[PDB]
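Enquirer: just the starting chains for now, same placement as in the complex:
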Amino acid sequence: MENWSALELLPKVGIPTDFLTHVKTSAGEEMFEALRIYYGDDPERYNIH
């Protein structure tokens, strides 16, 4: 399973992400293969093993 802490912690590349539909519309209608959405401030990135 893809550790999303590795995405939330590593320095990324700045991209002007432009796609035509809404983000949530692309999300819930499952254009992609794996999602990871939290609506608050998820502290699961902060603990490392």
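Expert: Happy to help now that I have it. Residues are numbered from 1 along each chain as shown, chains lettered A, B, ... in the order given.
Enquirer: can we go C-alpha only for contacts and neighbour counts from here?
Expert: OK.
Enquirer: now the spatially most central residue of chain A: how far from residue A:28?
Expert: Closest to where the C-alpha atoms of chain A average out (Cα atoms, centre = their mean) is residue A:36, at 5.1 Å. Distance, residue A:36 to residue A:28, using Cα to Cα, to the nearest Å: 11 Å.
Enquirer: go on, residue A:39?
Expert: To residue A:28, residue A:39 is 14 Å away according to Cα to Cα.
Enquirer: picking up where we left off before, can you tell me the closest non-neighbouring residue to the residue nearest to the centre of chain A?
Expert: residue A:4 (7.6 Å; Cα to Cα, 6 or more residues apart in numbering).
Enquirer: is the one you found in contact with residue A:45, as I believe?
Expert: Yes - here residue A:4 reaches residue A:45: they are 7.4 Å apart, a contact under Cα atoms under 8 Å.
Enquirer: could you pull out the helices for chain A?
Expert: Remark: helices assigned in chain A by DSSP state H are A:4-9, A:23-28.
Enquirer: list the contacts of residue A:35.
Expert: residue A:27 (Cα atoms under 8 Å, 6 or more residues apart in numbering).
Enquirer: quick one on the thing from earlier: got a markdown table for the helices of chain A, with mean neighbour count too?
Expert: Formatted as a markdown table, those follow (neighbours: other Cα atoms under 10 Å):
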| stretch | mean neighbour count |
| --- | --- |
| helix A:4-9 | 12 |
| helix A:23-28 | 12 |
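Enquirer: now render those as JSON lines, adding distance to residue A:16.
Expert: Below are the helices of chain A laid out as JSON lines (distance: least, Cα to Cα, whole Å):
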{"stretch": "helix A:4-9", "distance to residue A:16": "18"}
{"stretch": "helix A:23-28", "distance to residue A:16": "14"}
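Enquirer: chain B goes on too:
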Amino acid sequence: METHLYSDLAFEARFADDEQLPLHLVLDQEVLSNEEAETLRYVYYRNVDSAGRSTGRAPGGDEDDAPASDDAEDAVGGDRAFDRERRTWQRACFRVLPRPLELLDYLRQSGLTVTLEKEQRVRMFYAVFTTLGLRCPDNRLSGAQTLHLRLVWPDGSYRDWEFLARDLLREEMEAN
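Expert: Below, chain B sits with the chains from the block before:
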């Protein structure tokens, strides 16, 4: 003892329906084993007329008097005979006192007034209490009726005792 009061009250309650008079019975080691008594699930009873074979079937005969025709599909009358037999039996109230006692002395420990003509000291190892109800059709009752008694255990087996109702009422009913 505690089923006797409730069963008296309940057969007084339902007396307009079936016209069954209650019959409080106690049983001991002379009928059933202690292993049969310590796990006895329930008791069934059915009042059978000297000429009428049940009270759950039709009174003027029944269509089950035609013989079983050795058929594969419906074995004995199909399932209609089966739930007619489930209708012909009735459940009774029921308690078990496994530790030994003496009903003269034990009914003196409970608050009753044990008033017997003579104190025959009868001892038993385990006292099972029940109360059946035998059906006088109208107010008038016949002595040649019989009353059956099933004892059913959790394995599914049963023991079957029956006796004709005059033997219960040899000196009791002639006293009145």
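Enquirer: got the phi and psi for the residue nearest to the centre of chain A?
Expert: phi -150, psi 100 (degrees, to the nearest 10).
Enquirer: what lies in contact with stretch B:156-165?
Expert: With Cα atoms under 8 Å, 6 or more residues apart in numbering or on different chains as the contact definition, stretch B:156-165 has outside contacts at B:143-152.
Enquirer: repeat for stretch B:63-77
Expert: residue B:81.
Enquirer: sorry, back to before: I'd like the distance between the residue nearest to the centre of chain A and residue B:133.
Expert: For residue A:36, the distance to residue B:133 - Cα to Cα - is 72 Å.
Enquirer: could I get the contacts of stretch B:156-165 as CSV with secondary structure, neighbour count and distance to residue B:13?
Expert: Below are these laid out as CSV (DSSP: H, G, I helix; E, B strand; the rest coil; neighbours: other Cα atoms under 10 Å in any protein chain shown; distance: Cα to Cα, whole Å):
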residue, secondary structure, neighbour count, distance to residue B:13
B:143, coil, 16, 24
B:144, coil, 15, 26
B:145, coil, 19, 23
B:146, strand, 21, 23
B:147, strand, 19, 21
B:148, strand, 17, 23
B:149, strand, 20, 23
B:150, strand, 19, 24
B:151, strand, 19, 25
B:152, strand, 18, 26
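Enquirer: output these in TSV; the columns should cover distance to residue B:93.
Expert: TSV is the format used below for the contacts of stretch B:156-165 (distance: Cα to Cα, whole Å):
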residue	distance to residue B:93
B:143	24
B:144	25
B:145	22
B:146	20
B:147	16
B:148	15
B:149	13
B:150	13
B:151	12
B:152	13
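Enquirer: go ahead and add chain C:
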Amino acid sequence: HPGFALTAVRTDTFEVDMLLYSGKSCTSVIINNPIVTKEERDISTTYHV
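Expert: Once chain C is put in with the chains from before, the structure reads:
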């Protein structure tokens, strides 16, 4: 024929993009420094500004 006519009415709704024009400095808005409160929770702390 039952002997009486029937007027049927009907709501229709349409997705319509309007366009609005206003004069230069038509209204006037008054703003402030926005205030913020620290609502506390067990694992989180929200801030309403």
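Enquirer: since we added chain C, can you redo the contacts of residue A:35?
Expert: Neighbours of residue A:35 in contact, by Cα under 8 Å, 6+ apart: residue A:27.
Enquirer: ok, 10 Å please
Expert: Neighbour list for residue A:35: A:4, A:27-28 [criterion: Cα atoms under 10 Å, 6 or more residues apart in numbering or on different chains].
Enquirer: what's the closest of those to residue C:47?
Expert: Using Cα to Cα, the shortest approach to residue C:47 within the contacts of residue A:35 belongs to residue A:4, at 25.6 Å.
Enquirer: on that earlier part again, closest one of the contacts of residue A:35 to residue B:170?
Expert: Nearest member of those to residue B:170, counting by Cα to Cα, is residue A:28, at 86.8 Å.
Enquirer: for that closest one, which residues are in contact?
Expert: Contacts for residue A:28 (Cα under 10 Å, 6+ apart) come out as residue A:35.
Enquirer: where along chain C do the strands fall?
Expert: Along chain C, the segments classed as strands by DSSP state E run C:37-40, C:45-48.
Enquirer: a markdown table for those strands, including distance to residue B:14 and mean neighbour count?
Expert: A markdown table is the format used below for the strands of chain C (distance: least, Cα to Cα, whole Å; neighbours: other Cα atoms under 10 Å in any protein chain shown):
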| stretch | distance to residue B:14 | mean neighbour count |
| --- | --- | --- |
| strand C:37-40 | 67 | 10 |
| strand C:45-48 | 69 | 10 |
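Enquirer: can you lay out the ones you listed as TSV showing distance to residue B:166?
Expert: Listed next are these as TSV, based on distance: least, Cα to Cα, whole Å:
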stretch	distance to residue B:166
strand C:37-40	86
strand C:45-48	88
